[PDB]
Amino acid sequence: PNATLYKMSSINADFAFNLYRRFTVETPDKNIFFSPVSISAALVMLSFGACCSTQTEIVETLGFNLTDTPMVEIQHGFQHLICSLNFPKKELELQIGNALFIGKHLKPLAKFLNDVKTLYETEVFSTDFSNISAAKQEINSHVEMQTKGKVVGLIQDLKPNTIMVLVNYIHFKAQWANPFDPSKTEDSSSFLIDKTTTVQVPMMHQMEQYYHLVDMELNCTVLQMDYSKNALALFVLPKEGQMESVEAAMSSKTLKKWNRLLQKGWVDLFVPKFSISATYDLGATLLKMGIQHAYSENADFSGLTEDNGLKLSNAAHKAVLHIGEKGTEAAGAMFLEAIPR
């Protein structure tokens, strides 16, 4: 049902902004780009096979309160979420899915495999990790294929004793409801990257009716550009010197407020055409956030294999974005690595 769905997404959005804020410390005054839903969906899948404090730590770190939303509701909500995101939408490409690469000698529970395959858009591959170089290439090429060539080389290093890899991928490709006319794009326009330094970017230009606002509390301009179906982009432009304050304030509550306040009217709009890429080593970050037992010699993944024979060792994310006159294409992938417990 939808009440549970909207709860999952609000909790997921607050996780997104909290992780965003951790990134602003890890890589300060640098481009940030990730798929929050990819990261959340990967860890929820891992939690399906976890028990006791290993399981509770994962969903609590993702933002959930088990009194408010019991474990089984979380499981159902995410299963609903993935299903809804993947439902066919006219001229919107949106795919989110998982792949499990299980070592030849692991003893996975039929229950866990049947569940991920039928309820969580997962493909399961028996993988020979004794050829670690071949396994890395196999996983990287699969991710590349499922992201339409956009996420290349997700895994740079794979531990030699790896016995399981869980990957989530997301690919998104949509046209703007109002595409830009490339004859109006200014080939070299200035973009301020710090107080005394500009870079040159193509600047797209159109005068159109857009949902927009100035947030009078947060001192930022918000501009919404719709995609032709079910989806939108929000550009948040802080006033001079206010980026830090805006980053500190962002939450699901902010989006709920903007949903009400946004009003459609004429805007003379200038938007850059650009692409960016980002990568995150998330192992230590997720530990700091509260995922502890998953990494330990007493990791409880008794729902995943017969012998409870694995533990989490590493995690990483890669995401890419391209924005131009026709629309947006974005993709992301989350990698979780396991070794013998």
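In this text, rigid core is short for the largest set of C-alphas that superpose within 1.5 Å between two forms. A residue's number is simply how far along the shown sequence it sits, counting from 1.
- The rigid core fit leaves 117-125 as the farther-lying stretch in 7 other deposited structures of this protein, judged by Cα positions and set against 117-125 and 172-180.
- The stretch that moves more in 7 other deposited structures of this protein, judged by CA deviation after a rigid core superposition and choosing between 56-64 and 300-308, is 300-308.
- Comparing 7-15 with 20-28, the higher mean C-alpha B-factor in the PDB entry belongs to 20-28.
- Remark: stretch with higher mean C-alpha B factor among 34-42 and 47-55 is 47-55.
- In the deposited coordinates, the residue among 238, 265, 97, 160 with the greatest CA B-factor is 160.
- Among 191, 87, 176, 101, the highest C-alpha B-factor recorded in the PDB entry belongs to 87.
- For residue 62, the recorded CA B-factor ranks within the lowest third of the chain. Only modelled residues enter the ranking.
- Sort the chain's modelled residues by C-alpha temperature factor and residue 187 lands in the highest third, per the entry.
- The deposited CA B-factor of residue 227 belongs to the middle third of values across its chain.
- Among the modelled residues of the chain, residue 70 sits in the highest third by CA temperature factor in this PDB entry.
- For residue 137, the recorded CA temperature factor ranks within the highest third of the chain's modelled residues.
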